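Before any questions on binding or motion, here is one chain by itself as structure tokens, the form deposited in one PDB entry.
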């Protein structure tokens, strides 16, 4: 077995190669239809049952389209639904730019929309403008593009996070300079609701915001809004009504201020950021309520800002984070999912509007308002759970209509019982609490807890329900079923399932095996759409009609109705990887992907590149098309590199115990799994040259790339670390404390997990360590690299470095990505793959 040495191209030739191969992947990199919604035609004579609305990209911008769902189909042929544009043609700020980092939005245009069923009113942001159109309500259905109607404003700055009032579709709310405003889209009345922030002041002396999710909640809990409309209006005797907005008010005064380099490099300046680093203060939080009195003809009479009767820290003992919030369907209670600092205790807490009283600096008039609120009105902890690993926040929470006065019925999901995420139907009793506010004491920990009358497991087994990144449930309250996504058939594939929530038993899979599926179920529960792919085939989007057999409504079947997006088709350059697996000495089956070198010569061994992420909340190895985002792994295979990817312990879609393997110990176990899987492949496949292994990853992947070179220089010849964490004390509260705890309670884990404290352990040979980092990174600060370099210089160790001066924790400018790919490919050539690379040692 002699070594294969890759073709040694020049910098200009590699640029040409990469440019040519990028030229046939413009149509691949295009957003599939998403954010689907079904609206019934209610037209017996007409040929269509439903109209579906969705966001899609027809290099075009993201916009609203509709398609017509027929009542009947020609089952011989395949129906391709034509895309009708909903909107006519039209005539970034810092906060848009940051939100797009926090939401991980790579695409341009309309990101989302609201819809009010009763009126047909769409509300959506498009650039700076907030816009509305009407379709599918009492006013009927358009047969041509609608003109977007601008919501006019006197506000000077960007309006963010617009939401339609479900109680009245004439009203919207939005955030402007970190305060809540409302606007009427008919009358054009505009009103500021909160006076908490001053646009003219400096952030160093102006740290309060309202209706806004702060950095940690956007980055670590995927919560981007901080205010929630009450879904129902209270009628007044006058003939008007009261609209309500629950909102979060944040005070970031005690949160540390860091400086991130300003994008305009010519200014030689730096922007201030409230960044809660691990073990330091998170923002001081509380709930508030805006009470908005409207008259008979829609004009604002008054606005009363209201606060909790007692402090947040008293009423919600031990709570750091408001993870989620909303309202019950009738608007009687506001709900909230609350976490403690360690993120090992979750609480679902109902909050009545009667807990809020008007804001009053006058101590006399305030004391009258406190005593006017009854002692029976109190917070109701309807659910509480704990874990020795961590609470993974998700978006599953369904509240049923309130049937009895002193009961609430709901579906929630949890990993706390069995160690896998399953659905549970829960019924909680809303007792009058033991704590009485008149007595003048403080409430004990358990005084707001509700008794659990019923707790039925809807699903179970060694597999999880999916509740993140769009995955959710859909409840059919008529047939008493719940649709959900899960890993029951395979950890490598997501599938749509259905089950009864009254007498749970049979779980019916509604999607076909051999693909992974991301699904949307119609609100009417008679259709679902699946965005699906596999390792060989690019993503497709298809509509499926649901129905029951005549004899049994419980049982659910499906039938292909139409294609929304057809597969682009197998690309001739692209050879996909093979999924492999191996029984680890740790007791788990670990999955991987193998890209064999193209035109594999027998009796020859090839240089290997281990692409790695290896961190929580991600699974790289599954049955999906990897020819868009990981197209360059195939490019590496086409030049003669073996490419390997392994999902080590700690990765997701394998239950909480598997994910919990690296608790307190991040960086210590991951490379063992990677090397084990890499050694499994080498004994099985003699074409893997273990003398020439490279490792490469971004963020957590870059972190592990450094850990690999530090811990196992015997295995890994080169390490290319992209935007790595080199020091856990620099990273934030929400992430670090969840996985690693407080720094003082894990001194050794923080030490061992921080490569910058262990600079002496890196190799004394050069051409083995390449650091890459976006200069403007506000997530993984450039100081991770700068401080690592500082200690490498002190320890006499060599390094290579590439900065991307226009980038944050992402690559958005095309030239940056092109340079990165070019430099990486050239680095691997000169220091791992090529013939000159072998001579260089």
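Just so we're on the same page, rigid core means the largest C-alpha set that superposes within 1.5 Å between forms. Numbering follows the first chain given and starts at 1. Residues that one form lacks are left out of the comparison.
Coverage remark for residue 25: absent from the model in at least one third of the other entries compared whose chains are built on both sides.
Among other deposited entries of this protein with both flanking residues present, at least a third omit coordinates for residue 100.
Unmodelled stretch separating residue 91 from residue 92: 4 to 9 residues (count of deposited-sequence residues without coordinates).
Unmodelled residues of the deposited sequence between residue 786 and residue 787: none, the chain being continuous. Higher mean CA B-factor, judged across 412 to 420 and 502 to 510 from the recorded values: 502 to 510. Just going by the entry, 807 to 815 versus 39 to 47 on mean CA temperature factor gives the higher value to 39 to 47. Across 696, 495, 277, 366, the greatest Cα temperature factor reported in the deposited entry is at 366. Annotation for 201, 720, 270, 725: 201 ranks highest, by Cα B-factor.
For residue 343, the recorded CA B-factor ranks within the lowest third of the chain. Only modelled residues enter the ranking. Residue-level temperature factors show residue 33 in the middle third of its chain, judged at the C-alpha atom. When the CA B factors of the chain's modelled residues are split into thirds, the value for residue 425 lands in the highest one.
Per-chain ranking of the deposited C-alpha B factor places residue 820 in the lowest third. Ranked by Cα temperature factor within the chain, residue 622 sits in the lowest third according to the deposited record.
One more form of this protein exists, namely the form deposited in another entry; it is left out here, but the text below deals with it.
Comparing C-alpha positions between this form and the one not shown after a rigid core fit, one residue in 28, 32, 37, 792 moves 2 angstroms or more. It is 28. In this overlay on the rigid core, residue 811 has a C-alpha that sits 2 Å or more away from its partner position between this form and the one not shown. Relative to what is shown, residue 610 and residue 26 are closer in that other deposited form; their C-alpha atoms differ in spacing by at least 3 Å. Legend note: Cα of residue 818 to Cα of residue 28 is at least 3 Å closer in that other deposited form than in the depicted form. Every Cα shifting by 2 Å or more, across three or more consecutive residues, marks a moved region; comparing between this form and the one not shown on the rigid core, these regions are 24 to 28, 807 to 813.
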